[PDB]
């Protein structure tokens, strides 16, 4: 039987924003819910959240008041779907603390003990760790060290022995090709986890246009080898790494991104003096930056647009400033905006019902365990969640 794992960003996130109403959450179309996010008390010098800097609770998990309030309401959710499993996600983009939490037998125990109390207390079915990312540290965003990889294994093994064999232990892993190679030991952690969720999106960076293309497009090609990604490529990288397909969920983003290539010059890092000698050039002028600004998007801060805003604000724009397209090679839709001189410019790729059905198909064909999606808050009246369930056969 196939899985559909849906994230609910109830607590807040640094990319998305303030959390949604759990009293209005419809969960009949999923098998597992990741409630996100638990955070980690930490001593990383650059942490900005004062709650987390408490040295007396270092390495424990921290549940914000909203998260606490929401987890108290799970019994009502389970009346909608009694077979449903509910996990807490700890981590998320920019969440500090894992590197230190995982570092020693002592630090791990404190973390693990903290997770047990949360599970016990709220009646959770399991825990999901989203460390973004070990060794790499999201390019210096969170503390990091070479030992993170083997440390992450130790944490997961210990966490499994503590929670036992009926609770769920799972993780998210990155698209980056380097992740199975040197950030996470996939062969060593698969035997203790129930399944792994692949973050097969957020590719609209460097010289790539598409955020979550299934395959490559000849129509809108990526220029630099290192920026060249697709859901299929990520899925194949982890199979080669030793992860069995029935242990692997394909992640789907219910959002789009404006590609960095529209606003920043693209670098191929394998060239001399790479940084001053770009391979692509931006094509958004101030007027296209103003268009996004006027819809509440500051493109120097973030490029994330949620599906319900894509439908509400962009597709249903009374000035019709965004035009819908479909790429049949990439298998995703994308939007154009008009240049000064009248021509379409590639503005963002995203997912709609058709693209989500196509990935559902691929899940079936490739024999994966299921789908994961980020996230309920970005969907339109559960439209993509429902398509995904229809198409998977849940």
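Numbering follows the first chain given and starts at 1.
For the pair 113-121 and 249-257, the mean B factor over Cα atoms is greater in 113-121. Averaged over Cα atoms, the B-factor as recorded in the entry is higher for 73-81 than for the other of 317-325 and 73-81.
Among 185, 130, 227, 202, the highest C-alpha B-factor recorded in the PDB entry belongs to 185. Across the options 32, 59, 354, 343, the residue with the most elevated CA B-factor in the record is 343.
Ranked within its chain, residue 13 lands in the highest third, by CA B factor from the PDB record. Among all modelled residues in its chain, residue 232 ranks in the lowest third by Cα B-factor. Among all modelled residues in its chain, residue 66 ranks in the middle third by Cα B-factor.
Annotation for residue 266: C-alpha temperature factor in the middle third relative to the rest of the modelled chain, per the entry. Remark: residue 389 belongs to the middle third of its chain, ranked by C-alpha B-factor as recorded.
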